[PDB]
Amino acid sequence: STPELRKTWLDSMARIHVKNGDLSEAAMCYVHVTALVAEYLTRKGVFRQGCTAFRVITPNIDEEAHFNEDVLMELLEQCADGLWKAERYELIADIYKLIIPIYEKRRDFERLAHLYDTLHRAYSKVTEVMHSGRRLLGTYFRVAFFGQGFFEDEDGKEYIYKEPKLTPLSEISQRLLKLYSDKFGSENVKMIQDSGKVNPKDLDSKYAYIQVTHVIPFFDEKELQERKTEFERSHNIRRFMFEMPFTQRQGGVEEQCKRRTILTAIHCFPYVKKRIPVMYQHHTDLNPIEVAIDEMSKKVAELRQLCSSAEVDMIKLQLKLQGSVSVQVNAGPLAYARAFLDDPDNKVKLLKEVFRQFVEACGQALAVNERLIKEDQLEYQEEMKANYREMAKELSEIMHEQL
């Protein structure tokens, strides 16, 4: 049977993922197997759901378009435990809801006790990690291969790679060298460290090229509203984003543009594989002032979120604030005001507004920090306080208003 083949394939894929420690991909394998058995059993009138109660756990289930109740029950418990190991706690109830009525009908109170013990722990973990930020579900990367000579059918193909925990650009890079150098000889593998859409029309046909770009999950305004939690923004994700500096590479503020590329994968993560082909992509260019505006916005919200907190972080507050007003190495937020807020485009009602919100933020930041310094700083806070006020005059100056 094809359901039996598919199963076999998914179950070995799972042991591989388990071996590699890629638990969410293992979990997805369990779910796909389970959804397959459920669908079949539903057609036979033994089960009541199939595929679609699993569509909530993963949209990829749609791809699955001997077996009995007892098998189903054992697979469901397998998915539940799978999801626990992936640390995808929020999802366990979706599985157990399917097996609860079966246990009730069988009067299996011991099983019910266990499942509800797991759900209690799971929802307990959820509040923990929502607060401790110790759940690390993965980092994502655009990887592209170039060189018919060594990659063949792989030449030109782009994937999203999903990597463990906090895997840095630097680390996945190396790993793909050591991987493809041990396969295509050392001096034959080259790495493209540039994020631009590259044309083979200038690659040495002698080498295998690998391009690796860090990307993050992308959502539009509607999606950001459906997905309120960080977990919802880390589960069932299909679109990824990166931004690229360009000039009409990296220049001065007056001329700094930005390209935002949105990549759409053919399936969502998590999936039964840890890499997924890119289906489609497009981009959006930003002017230097749009850039300014956008950059400024991110900083004020950054500060506010730091200020308006209970578990306030003194170090992370100074770091952000010092790098806000006591700027030593880089240009300084004033560079935006000098190059953009002098005497164009009436959308500046944004650029100014943000500068209004910016000062208010550093102030509140100073204010907050005033109440954290163990005196040994104190002077440090004064220079900052001094710089804040100083620049505050500069902005007020050019904008012809108070600060």
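Note that residue numbering begins at 1 and tracks the sequence as displayed.
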- Query: Which fits the stretch between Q248 and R249: none, 1 to 3, 4 to 9, or 10 or more deposited residues lacking coordinates?
  - Reply: 1 to 3
- Would 173-181 or 158-166 have the larger average of its C-alpha temperature factors, as given in the entry? 173-181
- Quick note on 128-136 and 97-105: per-entry mean CA temperature factor is higher in 128-136
- Item | Candidate residues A38, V56, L341, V31, the one whose C-alpha B factor the record puts highest | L341
- Reading the B-factor column of the entry, which of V46, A26, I61, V359 has the highest value at its C-alpha atom? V359
- Compare the C-alpha B factor of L83 with those of the other modelled residues in its chain, then answer lowest, middle or highest third. lowest
- Message: Using only modelled residues of the chain, where does the Cα B factor of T118 rank: lowest third, middle third or highest third?
- Response: lowest
- Item | Modelled-residue ranking by C-alpha temperature factor, third containing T213 | lowest
- Ranked by Cα temperature factor within the chain, is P270 in the lowest third, the middle third or the highest third? lowest
- Note on the structure: Assert third(CA B-factor, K316) within chain per record equals highest
